[PDB]
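K.L.:
Supplied structure: upload07.txt, compact mmCIF, N, CA, C and O atoms.
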# COMPACT_ATOMS: atom_id res chain seq x y z
N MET A 1 51.46 -0.55 56.27
CA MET A 1 50.62 0.62 56.49
C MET A 1 49.81 0.48 57.77
O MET A 1 49.10 -0.51 57.95
N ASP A 2 49.90 1.47 58.66
CA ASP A 2 49.19 1.41 59.93
C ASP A 2 47.87 2.19 59.84
O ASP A 2 47.59 2.89 58.86
N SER A 3 47.07 2.06 60.90
CA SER A 3 45.68 2.50 60.86
C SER A 3 45.55 4.00 60.61
O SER A 3 44.63 4.44 59.92
N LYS A 4 46.45 4.80 61.19
CA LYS A 4 46.34 6.25 61.06
C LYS A 4 46.46 6.70 59.61
O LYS A 4 45.67 7.53 59.14
N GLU A 5 47.43 6.15 58.87
CA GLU A 5 47.59 6.52 57.47
C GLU A 5 46.43 6.01 56.64
O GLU A 5 45.99 6.68 55.69
N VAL A 6 45.90 4.84 56.99
CA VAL A 6 44.75 4.29 56.28
C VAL A 6 43.58 5.26 56.32
O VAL A 6 42.90 5.49 55.31
N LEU A 7 43.33 5.85 57.49
CA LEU A 7 42.20 6.77 57.63
C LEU A 7 42.40 8.04 56.82
O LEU A 7 41.42 8.67 56.41
N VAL A 8 43.65 8.44 56.57
CA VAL A 8 43.90 9.59 55.71
C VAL A 8 43.53 9.26 54.27
O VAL A 8 42.87 10.05 53.59
N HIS A 9 43.97 8.09 53.78
CA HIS A 9 43.62 7.68 52.42
C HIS A 9 42.12 7.55 52.25
O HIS A 9 41.57 7.89 51.19
N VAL A 10 41.42 7.05 53.27
CA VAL A 10 39.97 6.89 53.20
C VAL A 10 39.30 8.25 53.02
O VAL A 10 38.42 8.42 52.18
N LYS A 11 39.73 9.24 53.81
CA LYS A 11 39.18 10.58 53.67
C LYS A 11 39.57 11.20 52.33
O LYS A 11 38.79 11.94 51.73
N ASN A 12 40.78 10.90 51.85
CA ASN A 12 41.22 11.41 50.56
C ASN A 12 40.42 10.81 49.41
O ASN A 12 40.25 11.46 48.37
N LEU A 13 39.92 9.58 49.56
CA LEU A 13 39.06 9.00 48.53
C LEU A 13 37.80 9.84 48.35
O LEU A 13 37.41 10.15 47.22
N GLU A 14 37.16 10.21 49.46
CA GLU A 14 35.97 11.04 49.39
C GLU A 14 36.27 12.40 48.79
O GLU A 14 35.49 12.92 47.99
N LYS A 15 37.39 13.01 49.18
CA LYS A 15 37.70 14.37 48.78
C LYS A 15 38.24 14.48 47.36
O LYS A 15 38.30 15.59 46.82
N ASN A 16 38.62 13.36 46.73
CA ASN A 16 39.16 13.36 45.38
C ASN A 16 38.32 12.49 44.45
O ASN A 16 38.80 12.10 43.38
N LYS A 17 37.08 12.19 44.84
CA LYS A 17 36.24 11.27 44.08
C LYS A 17 36.04 11.73 42.64
O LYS A 17 35.97 10.90 41.72
N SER A 18 35.94 13.04 42.41
CA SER A 18 35.70 13.57 41.08
C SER A 18 36.96 13.60 40.21
O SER A 18 36.88 13.99 39.04
N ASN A 19 38.11 13.23 40.76
CA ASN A 19 39.40 13.28 40.06
C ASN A 19 39.85 11.84 39.82
O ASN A 19 40.43 11.21 40.72
N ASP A 20 39.59 11.32 38.61
CA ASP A 20 39.81 9.90 38.34
C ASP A 20 41.26 9.50 38.58
O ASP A 20 41.53 8.48 39.24
N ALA A 21 42.21 10.27 38.06
CA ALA A 21 43.63 9.95 38.23
C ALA A 21 44.03 9.95 39.70
O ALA A 21 44.80 9.09 40.14
N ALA A 22 43.51 10.91 40.47
CA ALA A 22 43.83 10.98 41.90
C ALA A 22 43.30 9.77 42.64
O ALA A 22 43.98 9.21 43.51
N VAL A 23 42.08 9.34 42.32
CA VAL A 23 41.51 8.15 42.95
C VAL A 23 42.36 6.93 42.61
O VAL A 23 42.59 6.06 43.46
N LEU A 24 42.83 6.84 41.37
CA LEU A 24 43.72 5.74 41.01
C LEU A 24 45.00 5.75 41.84
O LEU A 24 45.52 4.69 42.19
N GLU A 25 45.50 6.94 42.17
CA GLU A 25 46.73 7.02 42.96
C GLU A 25 46.50 6.56 44.39
O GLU A 25 47.34 5.87 44.97
N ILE A 26 45.36 6.93 44.98
CA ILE A 26 45.03 6.47 46.33
C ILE A 26 44.83 4.96 46.34
O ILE A 26 45.32 4.27 47.23
N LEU A 27 44.09 4.44 45.36
CA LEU A 27 43.83 3.00 45.31
C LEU A 27 45.13 2.22 45.11
O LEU A 27 45.29 1.12 45.67
N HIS A 28 46.05 2.75 44.31
CA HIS A 28 47.32 2.07 44.08
C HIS A 28 48.15 1.97 45.35
O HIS A 28 48.84 0.96 45.57
N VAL A 29 48.10 3.00 46.21
CA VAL A 29 48.84 2.93 47.47
C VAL A 29 48.23 1.87 48.38
O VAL A 29 48.96 1.09 49.01
N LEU A 30 46.90 1.83 48.47
CA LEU A 30 46.24 0.82 49.29
C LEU A 30 46.47 -0.58 48.74
O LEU A 30 46.66 -1.53 49.50
N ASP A 31 46.46 -0.72 47.41
CA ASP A 31 46.66 -2.03 46.80
C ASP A 31 48.05 -2.58 47.10
O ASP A 31 48.20 -3.77 47.40
N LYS A 32 49.07 -1.73 47.02
CA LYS A 32 50.45 -2.19 47.14
C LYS A 32 50.95 -2.25 48.58
O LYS A 32 51.81 -3.08 48.89
N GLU A 33 50.45 -1.39 49.47
CA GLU A 33 51.04 -1.25 50.79
C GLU A 33 50.10 -1.53 51.96
O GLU A 33 50.58 -1.66 53.09
N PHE A 34 48.80 -1.66 51.73
CA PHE A 34 47.89 -1.97 52.82
C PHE A 34 47.74 -3.48 52.94
O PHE A 34 47.45 -4.16 51.95
N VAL A 35 47.94 -3.99 54.14
CA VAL A 35 47.75 -5.41 54.45
C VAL A 35 46.42 -5.55 55.16
O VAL A 35 46.27 -5.01 56.27
N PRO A 36 45.44 -6.24 54.58
CA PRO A 36 44.14 -6.34 55.25
C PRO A 36 44.26 -7.24 56.47
O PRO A 36 44.76 -8.36 56.40
N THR A 37 43.79 -6.73 57.60
CA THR A 37 43.56 -7.52 58.79
C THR A 37 42.13 -7.25 59.23
O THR A 37 41.55 -6.21 58.90
N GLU A 38 41.56 -8.20 59.96
CA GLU A 38 40.21 -8.01 60.47
C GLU A 38 40.12 -6.73 61.30
O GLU A 38 39.14 -5.98 61.19
N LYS A 39 41.16 -6.44 62.05
CA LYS A 39 41.12 -5.25 62.91
C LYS A 39 41.21 -3.97 62.07
O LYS A 39 40.45 -3.06 62.31
N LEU A 40 42.11 -3.96 61.11
CA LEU A 40 42.23 -2.78 60.27
C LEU A 40 40.96 -2.55 59.45
O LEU A 40 40.50 -1.41 59.32
N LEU A 41 40.38 -3.62 58.90
CA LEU A 41 39.16 -3.46 58.12
C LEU A 41 37.98 -3.04 58.99
O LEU A 41 37.13 -2.27 58.56
N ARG A 42 37.93 -3.53 60.24
CA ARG A 42 36.84 -3.14 61.12
C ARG A 42 37.02 -1.71 61.62
O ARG A 42 36.05 -0.94 61.68
N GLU A 43 38.25 -1.34 61.99
CA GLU A 43 38.48 -0.05 62.63
C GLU A 43 38.48 1.11 61.64
O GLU A 43 38.05 2.21 61.99
N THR A 44 38.97 0.88 60.43
CA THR A 44 39.14 1.95 59.46
C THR A 44 38.09 1.96 58.36
O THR A 44 37.91 2.99 57.70
N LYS A 45 37.40 0.84 58.15
CA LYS A 45 36.35 0.72 57.14
C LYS A 45 36.85 0.95 55.72
O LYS A 45 36.13 1.48 54.88
N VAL A 46 38.11 0.58 55.42
CA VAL A 46 38.61 0.77 54.06
C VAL A 46 37.84 -0.11 53.09
O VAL A 46 37.57 0.28 51.95
N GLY A 47 37.49 -1.32 53.54
CA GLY A 47 36.70 -2.19 52.69
C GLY A 47 35.41 -1.54 52.23
O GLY A 47 35.09 -1.55 51.04
N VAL A 48 34.68 -0.92 53.16
CA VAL A 48 33.44 -0.25 52.79
C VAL A 48 33.72 0.92 51.85
O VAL A 48 33.02 1.11 50.84
N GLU A 49 34.74 1.71 52.16
CA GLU A 49 35.02 2.90 51.36
C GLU A 49 35.52 2.54 49.96
O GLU A 49 35.03 3.07 48.96
N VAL A 50 36.49 1.63 49.87
CA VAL A 50 37.01 1.24 48.56
C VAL A 50 35.94 0.53 47.75
O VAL A 50 35.82 0.75 46.54
N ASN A 51 35.12 -0.30 48.41
CA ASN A 51 34.07 -1.04 47.71
C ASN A 51 33.05 -0.11 47.08
O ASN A 51 32.41 -0.47 46.09
N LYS A 52 32.88 1.10 47.64
CA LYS A 52 31.95 2.07 47.08
C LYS A 52 32.34 2.50 45.67
O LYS A 52 31.49 3.05 44.95
N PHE A 53 33.58 2.27 45.25
CA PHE A 53 34.04 2.67 43.93
C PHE A 53 33.86 1.57 42.89
O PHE A 53 34.35 1.71 41.76
N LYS A 54 33.17 0.48 43.24
CA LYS A 54 32.88 -0.55 42.25
C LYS A 54 31.91 -0.02 41.19
O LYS A 54 31.95 -0.48 40.04
N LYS A 55 31.06 0.93 41.56
CA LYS A 55 30.08 1.53 40.67
C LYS A 55 30.61 2.73 39.90
O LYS A 55 29.82 3.48 39.32
N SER A 56 31.93 2.95 39.89
CA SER A 56 32.49 4.14 39.27
C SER A 56 32.32 4.08 37.76
O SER A 56 32.38 3.00 37.15
N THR A 57 32.11 5.24 37.14
CA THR A 57 32.02 5.30 35.69
C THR A 57 33.36 5.02 35.02
O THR A 57 33.38 4.67 33.84
N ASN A 58 34.46 5.20 35.74
CA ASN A 58 35.79 4.88 35.21
C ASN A 58 36.03 3.38 35.26
O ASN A 58 35.98 2.77 36.34
N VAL A 59 36.27 2.78 34.09
CA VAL A 59 36.42 1.33 33.99
C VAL A 59 37.67 0.85 34.72
O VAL A 59 37.65 -0.19 35.39
N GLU A 60 38.78 1.59 34.60
CA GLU A 60 40.01 1.15 35.25
C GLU A 60 39.87 1.17 36.76
O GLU A 60 40.39 0.29 37.45
N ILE A 61 39.18 2.18 37.30
CA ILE A 61 38.94 2.23 38.74
C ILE A 61 38.08 1.05 39.17
O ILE A 61 38.37 0.39 40.17
N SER A 62 37.02 0.76 38.42
CA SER A 62 36.07 -0.26 38.83
C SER A 62 36.70 -1.65 38.79
O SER A 62 36.39 -2.50 39.63
N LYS A 63 37.59 -1.90 37.82
CA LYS A 63 38.26 -3.20 37.77
C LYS A 63 39.30 -3.33 38.88
O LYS A 63 39.45 -4.41 39.46
N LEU A 64 40.02 -2.25 39.18
CA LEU A 64 41.01 -2.30 40.25
C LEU A 64 40.33 -2.49 41.60
O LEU A 64 40.83 -3.23 42.46
N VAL A 65 39.18 -1.84 41.80
CA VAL A 65 38.45 -1.99 43.05
C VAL A 65 37.99 -3.43 43.24
O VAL A 65 38.09 -3.99 44.33
N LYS A 66 37.50 -4.05 42.16
CA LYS A 66 37.04 -5.43 42.26
C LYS A 66 38.19 -6.38 42.57
O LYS A 66 38.01 -7.35 43.31
N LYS A 67 39.38 -6.12 42.01
CA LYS A 67 40.52 -6.97 42.32
C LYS A 67 40.97 -6.76 43.76
O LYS A 67 41.36 -7.71 44.45
N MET A 68 40.93 -5.51 44.24
CA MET A 68 41.34 -5.22 45.61
C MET A 68 40.37 -5.82 46.61
O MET A 68 40.78 -6.44 47.60
N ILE A 69 39.08 -5.67 46.36
CA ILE A 69 38.07 -6.18 47.31
C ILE A 69 38.14 -7.71 47.35
O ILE A 69 38.05 -8.24 48.41
N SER A 70 38.37 -8.35 46.22
CA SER A 70 38.45 -9.83 46.16
C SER A 70 39.60 -10.33 47.00
O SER A 70 39.43 -11.29 47.66
N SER A 71 40.73 -9.68 46.84
CA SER A 71 41.96 -10.02 47.58
C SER A 71 41.74 -9.80 49.07
O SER A 71 42.04 -10.67 49.80
N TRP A 72 41.15 -8.69 49.46
CA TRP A 72 40.95 -8.44 50.90
C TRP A 72 39.98 -9.43 51.52
O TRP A 72 40.16 -9.76 52.65
N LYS A 73 38.98 -9.86 50.77
CA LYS A 73 38.01 -10.85 51.28
C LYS A 73 38.72 -12.18 51.44
O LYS A 73 38.61 -12.77 52.47
N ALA A 74 39.47 -12.59 50.44
CA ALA A 74 40.15 -13.87 50.52
C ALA A 74 41.14 -13.91 51.68
O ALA A 74 41.23 -14.91 52.40
N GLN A 75 41.90 -12.83 51.87
CA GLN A 75 42.84 -12.77 52.98
C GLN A 75 42.11 -12.75 54.32
O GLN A 75 42.56 -13.37 55.29
N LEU A 76 40.98 -12.04 54.39
CA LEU A 76 40.20 -12.02 55.63
C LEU A 76 39.65 -13.40 55.96
O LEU A 76 39.61 -13.79 57.13
N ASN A 77 39.21 -14.14 54.94
CA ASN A 77 38.75 -15.51 55.17
C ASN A 77 39.87 -16.37 55.73
O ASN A 77 39.69 -17.07 56.74
N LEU A 78 41.05 -16.33 55.10
CA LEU A 78 42.18 -17.13 55.57
C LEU A 78 42.54 -16.78 57.01
O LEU A 78 42.86 -17.66 57.81
N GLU A 79 42.53 -15.48 57.35
CA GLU A 79 42.82 -15.09 58.72
C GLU A 79 41.78 -15.64 59.69
O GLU A 79 42.11 -16.05 60.80
N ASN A 80 40.50 -15.65 59.28
CA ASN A 80 39.45 -16.10 60.19
C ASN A 80 39.46 -17.62 60.34
O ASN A 80 39.17 -18.14 61.42
N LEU A 81 39.81 -18.34 59.27
CA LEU A 81 39.80 -19.80 59.34
C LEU A 81 40.99 -20.34 60.13
O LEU A 81 40.84 -21.27 60.92
N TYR A 82 42.14 -19.75 59.90
CA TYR A 82 43.36 -20.40 60.38
C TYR A 82 44.12 -19.57 61.39
O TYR A 82 45.10 -20.04 61.84
N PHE A 83 43.73 -18.35 61.65
CA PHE A 83 44.58 -17.56 62.57
C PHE A 83 43.77 -16.92 63.68
O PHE A 83 44.36 -16.48 64.59
N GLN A 84 42.46 -16.92 63.61
CA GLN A 84 41.66 -16.29 64.68
C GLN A 84 40.82 -17.36 65.34
O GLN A 84 40.87 -17.36 66.55
Before we go any further, please render this structure as structure tokens.

P.N.:
Amino acid sequence: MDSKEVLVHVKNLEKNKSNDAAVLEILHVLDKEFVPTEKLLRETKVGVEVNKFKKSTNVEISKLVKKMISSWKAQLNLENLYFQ
């Protein structure tokens, strides 16, 4: 997944926030197809946007967000330690 599509999903998160199933569909695409890089996370702010859903009243959304954010942090650490 490249930066342009990432920014569409980010805007779609805001525009579908009240639709639990729709938010799950956006998060599932990011979980399966988005590869976190320092540049992508800095330029697109998906980390900030997805992390905002940790406080969601939907339990399935909040658990998926926590798993996604954990994975992106761990991958970002590995990139910073050994590749940058």

K.L.:
Would you list the contacts of stretch 56-73 of chain A as a list in words, taking every protein, DNA or RNA residue within 6 Å and counting only N, CA, C and O atoms, but skipping same-chain residues closer than 5 positions in sequence?

P.N.:
residues 36, 50 and 78 of chain A

K.L.:
If you run DSSP over the backbone, which residues in chain A end up helix (DSSP H, G or I)? Put them as number ranges by chain.

P.N.:
A: 3-15, 20-33, 38-44, 46-55, 59-82

K.L.:
May I have the centre and edge lengths, in Å to one decimal, of an axis-aligned box around the listed atoms of stretch 25-44 of chain A with 8 Å added to every side, as JSON?

P.N.:
{"center_x": 43.9, "center_y": -0.7, "center_z": 52.5, "size_x": 31.8, "size_y": 31.4, "size_z": 36.7}

K.L.:
Using atom CA of residue A:11 and atom O of residue A:45 as the two end points, give the distance in Å to one decimal.

P.N.:
9.7 Å

K.L.:
Take atom O of residue A:39 and atom N of residue A:5 and report the distance between them in Å, one decimal.

P.N.:
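Straight-line distance from atom O of residue A:39 to atom N of residue A:5 works out to 12.1 Å.
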
K.L.:
Would you be able to write out as a PyMOL selection string which residues have an atom within 8 Å of (41.1, 4.5, 60.9) in the file's coordinates, counting only C-alpha atoms?

P.N.:
chain A and resi 3-8+40+43-45

K.L.:
My list of candidates is A:41, A:53, A:46, A:81. Which is closest to residue A:24 when distances are computed with only C-alpha atoms?

P.N.:
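Of A:41, A:53, A:46, A:81, the one nearest residue A:24 is A:53, counting only C-alpha atoms.
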
K.L.:
To one decimal place, how far is atom O of residue A:38 from atom O of residue A:21 in Å?

P.N.:
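About the pair atom O of residue A:38 and atom O of residue A:21: they are 26.5 Å apart.
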
K.L.:
Using only C-alpha atoms, which residues sit within 10 Å of residue A:23 once same-chain residues fewer than 2 positions away are excluded, as a list in words?

P.N.:
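Surrounding residues, per the criterion: residues 9, 12, 13, 14, 15, 16, 17, 18, 19, 20, 21, 25, 26, 27, 28, 50, 53 and 61 of chain A.
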
K.L.:
Choose the residue, out of A:10, A:74, A:82, A:48, that has the smallest atom-to-atom separation from residue A:29; count only C-alpha atoms.

P.N.:
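Result for the nearest residue to residue A:29: A:10.
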